[PDB]
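Okay, so here's just one chain, in structure tokens, the form deposited in one PDB entry.
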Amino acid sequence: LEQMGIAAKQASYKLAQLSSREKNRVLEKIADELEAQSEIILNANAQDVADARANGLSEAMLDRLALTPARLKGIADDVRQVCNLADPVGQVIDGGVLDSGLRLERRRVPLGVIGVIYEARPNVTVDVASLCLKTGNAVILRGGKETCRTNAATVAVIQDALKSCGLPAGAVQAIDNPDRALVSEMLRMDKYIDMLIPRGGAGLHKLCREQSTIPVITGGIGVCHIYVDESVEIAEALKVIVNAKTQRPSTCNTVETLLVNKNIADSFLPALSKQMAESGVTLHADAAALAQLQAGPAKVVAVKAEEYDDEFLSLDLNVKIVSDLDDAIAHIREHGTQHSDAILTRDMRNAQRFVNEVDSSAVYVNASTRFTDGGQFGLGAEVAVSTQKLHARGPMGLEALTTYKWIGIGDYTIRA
């Protein structure tokens, strides 16, 4: 794969030296070509979905795999939105004049070569390629073993567009082979890749962090908690919970654990049990909440200790009764994965304390956890939702793929 690395570096130099007009032109060509070849991509994705259904995959997994024409138009519109955004290369962050007469400033520059290891989702290839082209980085992709044909067709379209627009061919490339030995080799390829973005579960992150030399921005799994305070509207809270759970339960920002204040559980729990039975969501309750949730129509089973630290990725929910805000904060800190946290309350003090004392990539007050998305947050699209602390955090947009450089212009200045 060393030839891939050298090609990526050679293309990255020229990309960093490009102008905004050429990048916008290539993005427009990519979007137009995506719209033109809808039939091929749709047929390949349908065939792949039919193949995956033979293995008895989960309904949520199939929904993630599925690609309707509406979704294709959505990804095309996202590419166009990225095109309409301002180019973040060359922008001045700040500047000034020092005491010695030196004119100093900070200017944004690209990062170099970016490696991406993503899950089985079709659109992610498009978004990553568009963001990397707009910013000025060469990208090496390694997708999941399921979406082989869809990723093949999409990367073929992207590379055809790159060739037609005159950009170097090594700007964007992908690894077709699904063997994980090549994944290890990519991880060891330190002299070429400048930064690696793994998206996936615990196993991929474990293996990567074990055997990585490149800087890593871990996508991380998401255990998102929702805290229900004593003073809250029942109907609105139920609507928010239903939206945060039912809609697309296969994502990573879907709520997984529900923390209910003990002074409200006498009234909130029964209604919830009525609502979940409508959506068919199984309730993994604690011992304290089991007695109240037993009479509810919705099916309820006792929870286990290890279930608090993993994602259900289905129509399941953890119900726990806490004593006060301090207990909820302690539980979130202990079991949370620092992805997204929400509080439903009517107290200004409680909302302020929750916002202050909870460390996460995103904290919401009277809102659903499903807002942790690149498109929703105002950015054109996202490459991954970083849960670490270094470099970017939360959704990673155009500015998350760029670094900065100090430039100082003087007149034969000498440091005193």
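If you superpose the two forms and keep the largest set of C-alpha atoms that fall within 1.5 Å, you have the rigid core. For every residue, the number given is its place in the sequence shown, counted from 1.
Below, we refer to the form deposited in another entry, which is not included among the displayed structures.
- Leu65 is the only residue from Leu65, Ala384, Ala381, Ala362 whose Cα shifts by 2 Å or more between this form and the one not shown, the rigid core being superposed.
- When two forms of a protein are overlaid on their rigid core, residues whose CA moves 2 Å or more are considered shifted, and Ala50 is one of them between this form and the one not shown.
- Remark: with the core as the superposition reference, the CA shift of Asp347 between this form and the one not shown stays below 2 Å.
- In the core-superposed comparison between this form and the one not shown, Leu313 has its Cα shifted by less than 2 Å.
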